[PDB]
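Student: This structure is in C-alpha cells; I'll ask about it shortly.
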Amino acid sequence: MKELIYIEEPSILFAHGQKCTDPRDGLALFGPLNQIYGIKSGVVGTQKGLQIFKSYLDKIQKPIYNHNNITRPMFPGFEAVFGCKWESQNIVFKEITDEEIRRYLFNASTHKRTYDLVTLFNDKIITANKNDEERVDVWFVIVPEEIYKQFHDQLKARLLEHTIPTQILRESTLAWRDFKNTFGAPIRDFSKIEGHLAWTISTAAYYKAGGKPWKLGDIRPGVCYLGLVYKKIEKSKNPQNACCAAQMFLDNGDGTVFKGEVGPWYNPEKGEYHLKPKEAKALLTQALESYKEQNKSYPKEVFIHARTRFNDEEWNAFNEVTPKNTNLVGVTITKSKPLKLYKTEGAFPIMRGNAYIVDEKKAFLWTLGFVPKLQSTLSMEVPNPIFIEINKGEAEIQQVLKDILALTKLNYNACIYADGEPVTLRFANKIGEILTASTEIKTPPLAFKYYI
Amino acid sequence: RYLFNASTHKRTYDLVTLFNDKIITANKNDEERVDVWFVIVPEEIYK
Amino acid sequence: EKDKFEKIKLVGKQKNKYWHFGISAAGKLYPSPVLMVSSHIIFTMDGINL
Amino acid sequence: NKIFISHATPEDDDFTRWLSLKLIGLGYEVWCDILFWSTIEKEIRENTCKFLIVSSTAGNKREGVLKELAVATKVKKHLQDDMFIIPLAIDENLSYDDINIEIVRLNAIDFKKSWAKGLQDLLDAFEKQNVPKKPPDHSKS
Amino acid sequence: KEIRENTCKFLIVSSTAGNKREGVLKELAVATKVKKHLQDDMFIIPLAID
Amino acid sequence: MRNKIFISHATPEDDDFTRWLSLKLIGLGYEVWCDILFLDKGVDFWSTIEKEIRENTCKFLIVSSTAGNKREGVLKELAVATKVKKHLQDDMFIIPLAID
Ligand SMILES: [Mg+2]
C-alpha cells in the first residue's frame with residue numbers, strides 16, 4: 001500500500017480582508033475589493049437582440065434560484081452582490097439591419113463571409129468609439145443565430161488593434177426558451193442552472209469593466225510565475241511555432257498582479273516546441289523588468305512552468321540573463337497520463353487534493369474529484385490527475401504542488417469552484433489563439449480584458 | 001535629466017514622450033479603469 | 001453465461017444495439033514493471049458483428 | 001438589543017440567511033431560527049428591539065409566524081413604540097391588498113424590486129430610530 | 001374570512017369610543033381592501049350613534 | 001406647533017417634483033412634511049397622516065395634474081384639509097399647484 005499526501009485547499013481574499021474558498025459564496029457575503037461606480041453598456045446587434053438583452057438584464061436584477069442550492073448557489077442579484085449599477089436604461093445602441101446581414105452572408109465565401117461580418121461589427125464599434133460623446137465601458141455583441149453557423153477570434157484581434165473591451169453573447173444563451181427547435185424541447189435547457197448563468201455573466205461583465213472580484217493571499221512573496229504555451233501558426237505560409245506567456249506575481253504589499261507577457265517569440269522549425277537563446281533572453285528580461293517596475297526590486301525566484309520540457313540550450317540563456325541570486329525552477333505539467341485511482345467502497349470518486357509522490361522530482365496532483373462543500377463531483381466518470389515534474393532547477397515538490405493549487409484557484413473568466421490545471425496556461429493559450437488570427441500586431445496590450 | 005540642456009524642440013519632444021509613454025503604458029498594460037487622465041505639470045516644465 | 005462472468009455484466013443492450021466492454025494495455029518500467037489498462041466500450045449491431 | 005426575524009421554514013429561507021448574515025456583519029445582534037418554543041416567546045418579550053416579519057405567499061398563513069406576530073403585537077402595545085413591527089415584502093405574486101390583518105395597516109419595505117435598496121433603507125431606518133449597534137465586525141458573519 | 005368571502009354589506013358604528021379603536025380600524029382596512037376588488041361604491045355604510 | 005408645510009402628490013408619478021420642492025424648501029429654512037422623505041418605516045399608514053394634517057400643518061399644498069384629482073388618497077387628504085381649514089377659519093390654507 002502506498003500513501004497519498006493531502007494538500008489543504010487554498011483560500012482567496014475577498015473584501016474587508018476576509019478569506020473564503022468558494023468565490024460564489026465569498027462574493028455574496030463580503031463582495032469585490034474595488035469600487036467601480038457603474039457599467040455603461042453598449043449593444044451591437046439586431047433590434048430583437050436589443051430586446052433580448054434588455055429582458056435578460058432586467059431579469060438578472062432580482063434573485064434567481066437553482067434546483068440545488070448546495071451544489072449551485074443562488075444569485076442574490078447584481079446590485080446586491082457587486083454594489084454596482086448595471087442597468088437596462090443607460091444603454092448605448094448601434095443597430096445592424098437584417099438587410100446588411102443577409103447581403104453579407106447570402107453566398108459570398110467562408111473566409112470572405114467571416115471577414116465581411118467582422119468588418120461590419122468592428123466598423124460599428126470603432127466608429128461609435130472614436131466619434132461620439134457617450135462613454136461605453138463594455139461592448140456587448142449580440143450575435144444572431146444565423147451568424148454563428150473563427151468569427152470570435154477575428155473580432156477580438158481586430159478590436160485588440162484599438163484596445164476596446166468586448167463580450168460576445170449569442171441569442172441562444174439569453175433566450176434559450178424561445179429557440180425551441182427539435183420537436184418541442186429546447187436545444188440547451190438552462191432551467192436547473194439559471195443561477196449559474198447569471199453568476200458567470202455578471203462576474204465576466206464586472207471583470208471586463210475594470211473590477212476586481214477576488215485575489216490570492218497564500219503565495220510566496222517575491223517569486224514570479226510564468227506560463228509558456230506554444231501554438232502552431234504553421235497554418236499559414238512559413239510554418240512556425242509561436243510562444244506566449246503570462247505572469248502572476250505579487251505586489252509590493254497586499255496585492256496581486258495577473259497580466260500577460262506577449263510579443264510572441266517564434267520558432268522556424270516544424271516540431272521544435274522549444275525556444276532560441278535570443279528569444280529566451282528577451283522573454284526573461286521582459287518578465288524581470290515587468291516585475292521590477294512594480295516591486296522596485298528584483299525577484300527572489302522565478303517559477304517557470306509549461307506543458308513541455310526545457311532543453312539545456314534555453315536554460316543556459318535563462319541563467320545567463322538572471323542577475324544576483326534569482327533562482328529559477330522549471331516545471332512540466334502533463335495532463336493525460338493514464339493513472340486512474342478508484343474507491344474500494346462507494347459510488348463516489350476520490351477526493352480532490354490527494355497527491356501521490358512518485359519521486360522527489362515527480363508527483364500526481366488530483367485537481368478534479370469530489371468536493372465536500374458542494375457534495376458533488378467536479379468532473380464526470382473517474383477523474384484524471386495531472387503530472388508535475390521539476391524538470392530544471394532545485395525546489396521542494398510539496399511547495400510546487402501548493403503553488404499549482406494556488407494557480408488553479410485564479411480563474412476570472414468563469415465563476416466556479418476550481419479548475420483542473422493552472423489558469424496561467426489556459427489564459428496564455430487564449431492569448432495565443434487570439435494572436436494567431438491577427439496580422440502582425442506590434443506591442444500588444446498586456447491586459448486580459450481585451451483578450452478574455 | 002530631460003528638461004536641462006538640449007534644443008528647444010528636443011526638450012519638448014522628450015517631455016511629451018515621457019508623459020505620453022507613461023499614459024499609454026498605463027492604458028494598455030493595466031486593469032484599473034481610468035475615465036480621464038490628469039497631467040499635473042510641474043513649474044519648471046512650463047518654462 | 002447470462003452475459004455475466006462473476007455477477008458483473010460485460011455485454012448488454014442499448015435500444016437496437018449491443019454494447020461490449022473493452023480494455024487496452026501498455027507496458028511501463030520506471031516505478032515498477034506494470035501493465036497500464038484503460039477501459040473502453042465497443043458497440044455492435046447484432047452482437048457478433050461490429 | 002436584539003432583532004427578531006420571523007419566516008416560513010421550508011420556503012423564504014435563502015432571503016433569511018442572506019439578511020441575517022448581512023446584518024450580523026454590520027454589528028446588529030439578530031435572533032433567527034436558522035442560526036440556533038418557550039425561548040422564542042421569551043426573546044420576543046424581554047430581549048428583542050425590532051420585530052421583522054417576512055411576507056410571502058408561502059407565509060402569511062403559517063401558524064408559527066402568526067403566533068410570533070401576536071406575541072409581538074402584545075409586546076408592542078406595552079412598550080409604547082409604533083415601529084416595533086416592520087414587514088418586509090419579498091414576493092411578487094401576492095398583492096398589497098391580500099396581506100393578513102394585524103400587519104395590513106403597516107407600510108412595508110418592498111424588497112421586491114431589489115434586495116440592496118431594501119437593505120439600504122432598512123439601515124437608514126435603524127439609524128433614524130436609534131437601534132443600538134456595535135462597530136462592524138465582519139469576521140463574525 | 002367572513003369579511004372577504006361571506007359579507008354583502010359592511011356596517012360600521014361611529015362614536016367617540018369608535019373611530020380610534022384598533023380592532024375597528026383593522027376591520028375597516030380589510031373592508032376597504034375588499035371594496036376595490038368588488039367594485040361596489042356603497043359597501044361601507046357608517047352608523048352615527050353619538 | 002403649526003409650522004409644517006404639508007405636501008400631497010400622486011403615488012406612482014408626480015414624485016420627482018415633490019422631492020425637488022421639499023429639498024428646496026428645507027434648504028430655504030422652512031419645515032416640510034412629505035411622504036417621500038419623512039414617514040419613517042413601520043408606522044401606521046393613515047393615522048400619522050391624519051395627525052400631521054390636523055395638529056401640525058401651517059399650510060397645505062396639493063399638486064394637481066391628470067395623475068391626481070381622481071386618486072382616493074389625494075381626495076381623502078383633501079377632505080381632511082378642508083375640515084381643518086373650516087375649523088381654523090383660515091381662507092388661504094389649501095394652495096393648489098398645477099404642474100400639468
Ligand atoms: Mg469569456
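In the C-alpha cells, chains take letters A, B, ... by order of appearance, with residues numbered from 1 within each chain and ligands from 1 in the order shown.
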Just asking: which residues within range 9-41 of chain C are strand (DSSP E) according to DSSP, as a list in words?
Tutor: residues 11, 12, 13, 14, 17, 18, 19, 20, 21, 22, 23, 24, 27, 28, 34, 35, 38, 39, 40 and 41 of chain C
Student: Return as a list in words every polymer residue, whether protein, DNA or RNA, with at least one atom no more than 9 Å from an atom of ligand 1; count only C-alpha atoms and all ligand atoms.
Tutor: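 The residues within 9 Å of ligand 1, counting only C-alpha atoms and all ligand atoms, are residues 167, 168, 201, 204, 412, 413, 414, 451 and 452 of chain A.
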Student: Please return, as a PyMOL selection string, all residues of chain E lying within 7 Å of chain D when only C-alpha atoms are considered.
Tutor: chain E and resi 26+29+33
Student: Would you give me, as a list in words, the residues of chain A that come within 8 Å of chain D, using only C-alpha atoms?
Tutor: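 Going by the stated atoms only, the list reads residues 16, 18, 29, 61, 62, 76, 77, 79, 80 and 83 of chain A.
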Student: Name all residues at most 9 Å from residue 27 in chain E (count only C-alpha atoms; drop same-chain ones fewer than 5 positions away) and give them as a list in words.
Tutor: residues 101 of chain D; 3, 22 and 32 of chain E
Student: May I ask you to extract the residues of chain B within 6 Å of chain A, using only C-alpha atoms, and to give them as a PyMOL selection string?
Tutor: chain B and resi 28-33
Student: With N, CA, C and O atoms kept, could you save the residues just selected as an mmCIF file, in the first residue's frame?
Tutor:
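Dumped to again29.cif:
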```
data_model
loop_
_atom_site.group_PDB
_atom_site.id
_atom_site.type_symbol
_atom_site.label_atom_id
_atom_site.label_comp_id
_atom_site.auth_asym_id
_atom_site.auth_seq_id
_atom_site.Cartn_x
_atom_site.Cartn_y
_atom_site.Cartn_z
ATOM 1 N N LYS B 28 -2.683 50.490 -21.665
ATOM 2 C CA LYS B 28 -2.759 49.165 -22.272
ATOM 3 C C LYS B 28 -2.234 48.041 -21.388
ATOM 4 O O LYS B 28 -2.557 46.878 -21.646
ATOM 5 N N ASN B 29 -1.441 48.345 -20.361
ATOM 6 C CA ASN B 29 -0.826 47.318 -19.529
ATOM 7 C C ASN B 29 -1.329 47.369 -18.090
ATOM 8 O O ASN B 29 -0.580 47.079 -17.156
ATOM 9 N N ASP B 30 -2.595 47.730 -17.894
ATOM 10 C CA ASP B 30 -3.180 47.805 -16.565
ATOM 11 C C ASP B 30 -4.631 47.355 -16.626
ATOM 12 O O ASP B 30 -5.256 47.342 -17.689
ATOM 13 N N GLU B 31 -5.164 46.986 -15.463
ATOM 14 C CA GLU B 31 -6.545 46.536 -15.352
ATOM 15 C C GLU B 31 -7.488 47.612 -14.837
ATOM 16 O O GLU B 31 -8.652 47.646 -15.248
ATOM 17 N N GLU B 32 -7.015 48.491 -13.956
ATOM 18 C CA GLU B 32 -7.868 49.534 -13.404
ATOM 19 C C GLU B 32 -8.310 50.497 -14.498
ATOM 20 O O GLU B 32 -7.500 50.932 -15.322
ATOM 21 N N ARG B 33 -9.597 50.827 -14.504
ATOM 22 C CA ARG B 33 -10.147 51.746 -15.489
ATOM 23 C C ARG B 33 -9.895 53.191 -15.080
ATOM 24 O O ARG B 33 -10.022 53.551 -13.907
#
```
Student: Would you list which chain F residues are within 12 Å of chain E using only C-alpha atoms, as a PyMOL selection string?
Tutor: chain F and resi 44-47+50+72
Student: Write out as a list in words the residues lying within 12 Å of residue 63 in chain D, counting only C-alpha atoms and excluding same-chain residues fewer than 5 positions away.
Tutor: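 In the requested form, the answer reads residues 6, 7, 8, 9, 58, 68, 69 and 70 of chain D.
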Student: Within 8 Å of range 396-408 of chain A, counting only C-alpha atoms, which residues show up once you throw out same-chain ones fewer than 3 positions away? Write them as a PyMOL selection string, please.
Tutor: chain A and resi 7+9-10+216+218-219+360-363+365+367+388+390+411+418-424
Student: For the residues in that selection, give me N, CA and C atoms as a PDB file, in the first residue's frame.
Tutor:
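Written output follows (result.pdb):
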```pdb
ATOM      1  N   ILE A   7      -3.075  17.967   0.292  1.00  0.00           N
ATOM      2  CA  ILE A   7      -2.747  19.385   0.210  1.00  0.00           C
ATOM      3  C   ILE A   7      -4.005  20.171   0.550  1.00  0.00           C
ATOM      4  N   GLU A   9      -6.709  22.953   0.697  1.00  0.00           N
ATOM      5  CA  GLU A   9      -7.127  23.828  -0.386  1.00  0.00           C
ATOM      6  C   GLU A   9      -6.796  25.282  -0.056  1.00  0.00           C
ATOM      7  N   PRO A  10      -6.373  26.069  -1.041  1.00  0.00           N
ATOM      8  CA  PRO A  10      -6.046  27.474  -0.783  1.00  0.00           C
ATOM      9  C   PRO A  10      -7.298  28.304  -0.544  1.00  0.00           C
ATOM     10  N   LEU A 216      -5.676  36.427  -4.605  1.00  0.00           N
ATOM     11  CA  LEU A 216      -4.980  35.356  -3.908  1.00  0.00           C
ATOM     12  C   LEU A 216      -4.180  35.912  -2.737  1.00  0.00           C
ATOM     13  N   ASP A 218      -2.393  33.342  -0.322  1.00  0.00           N
ATOM     14  CA  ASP A 218      -1.415  32.351   0.132  1.00  0.00           C
ATOM     15  C   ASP A 218      -0.487  31.959  -1.018  1.00  0.00           C
ATOM     16  N   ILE A 219       0.488  32.827  -1.278  1.00  0.00           N
ATOM     17  CA  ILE A 219       1.529  32.564  -2.263  1.00  0.00           C
ATOM     18  C   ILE A 219       2.817  33.198  -1.764  1.00  0.00           C
ATOM     19  N   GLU A 360      11.227  12.485  -5.777  1.00  0.00           N
ATOM     20  CA  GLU A 360      11.362  13.833  -5.239  1.00  0.00           C
ATOM     21  C   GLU A 360      11.150  14.879  -6.328  1.00  0.00           C
ATOM     22  N   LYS A 361      11.270  14.495  -7.599  1.00  0.00           N
ATOM     23  CA  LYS A 361      11.025  15.391  -8.721  1.00  0.00           C
ATOM     24  C   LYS A 361       9.715  15.129  -9.454  1.00  0.00           C
ATOM     25  N   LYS A 362       8.903  14.170  -9.015  1.00  0.00           N
ATOM     26  CA  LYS A 362       7.647  13.863  -9.687  1.00  0.00           C
ATOM     27  C   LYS A 362       6.523  13.704  -8.672  1.00  0.00           C
ATOM     28  N   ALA A 363       5.295  13.922  -9.139  1.00  0.00           N
ATOM     29  CA  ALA A 363       4.115  13.804  -8.292  1.00  0.00           C
ATOM     30  C   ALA A 363       2.882  13.663  -9.172  1.00  0.00           C
ATOM     31  N   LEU A 365      -0.789  15.174  -8.875  1.00  0.00           N
ATOM     32  CA  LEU A 365      -1.788  16.039  -8.265  1.00  0.00           C
ATOM     33  C   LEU A 365      -3.184  15.678  -8.750  1.00  0.00           C
ATOM     34  N   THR A 367      -6.632  17.405  -9.189  1.00  0.00           N
ATOM     35  CA  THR A 367      -7.352  18.670  -9.201  1.00  0.00           C
ATOM     36  C   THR A 367      -8.858  18.472  -9.311  1.00  0.00           C
ATOM     37  N   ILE A 388       3.128  16.397 -12.405  1.00  0.00           N
ATOM     38  CA  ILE A 388       4.011  17.522 -12.118  1.00  0.00           C
ATOM     39  C   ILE A 388       5.434  16.997 -11.996  1.00  0.00           C
ATOM     40  N   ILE A 390       9.617  18.415 -11.715  1.00  0.00           N
ATOM     41  CA  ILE A 390      10.577  19.509 -11.558  1.00  0.00           C
ATOM     42  C   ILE A 390      11.703  19.232 -12.549  1.00  0.00           C
ATOM     43  N   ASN A 411      -9.287  31.622 -11.642  1.00  0.00           N
ATOM     44  CA  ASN A 411      -9.995  31.738 -12.916  1.00  0.00           C
ATOM     45  C   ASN A 411     -11.006  32.876 -12.824  1.00  0.00           C
ATOM     46  N   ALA A 418     -13.146  25.557  -8.863  1.00  0.00           N
ATOM     47  CA  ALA A 418     -11.713  25.487  -9.223  1.00  0.00           C
ATOM     48  C   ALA A 418     -11.594  24.943 -10.645  1.00  0.00           C
ATOM     49  N   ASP A 419     -10.364  24.823 -11.142  1.00  0.00           N
ATOM     50  CA  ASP A 419     -10.153  24.251 -12.495  1.00  0.00           C
ATOM     51  C   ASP A 419      -9.425  22.913 -12.367  1.00  0.00           C
ATOM     52  N   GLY A 420      -8.960  22.372 -13.491  1.00  0.00           N
ATOM     53  CA  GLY A 420      -8.196  21.107 -13.490  1.00  0.00           C
ATOM     54  C   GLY A 420      -6.744  21.310 -13.935  1.00  0.00           C
ATOM     55  N   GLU A 421      -6.248  22.562 -14.007  1.00  0.00           N
ATOM     56  CA  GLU A 421      -4.855  22.905 -14.445  1.00  0.00           C
ATOM     57  C   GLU A 421      -4.577  24.385 -14.132  1.00  0.00           C
ATOM     58  N   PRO A 422      -3.316  24.886 -13.998  1.00  0.00           N
ATOM     59  CA  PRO A 422      -3.143  26.287 -13.602  1.00  0.00           C
ATOM     60  C   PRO A 422      -3.701  27.229 -14.657  1.00  0.00           C
ATOM     61  N   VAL A 423      -4.317  28.316 -14.185  1.00  0.00           N
ATOM     62  CA  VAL A 423      -5.037  29.217 -15.074  1.00  0.00           C
ATOM     63  C   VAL A 423      -4.096  30.033 -15.951  1.00  0.00           C
ATOM     64  N   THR A 424      -2.823  30.156 -15.566  1.00  0.00           N
ATOM     65  CA  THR A 424      -1.873  30.890 -16.394  1.00  0.00           C
ATOM     66  C   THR A 424      -1.713  30.232 -17.757  1.00  0.00           C
TER      67      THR A 424
END
```
Student: One decimal, in Å: what's the spacing between CA of residue 60 in chain F and CA of residue 81 in chain F?
Tutor: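 CA of residue 81 in chain F lies 7.2 Å from CA of residue 60 in chain F.
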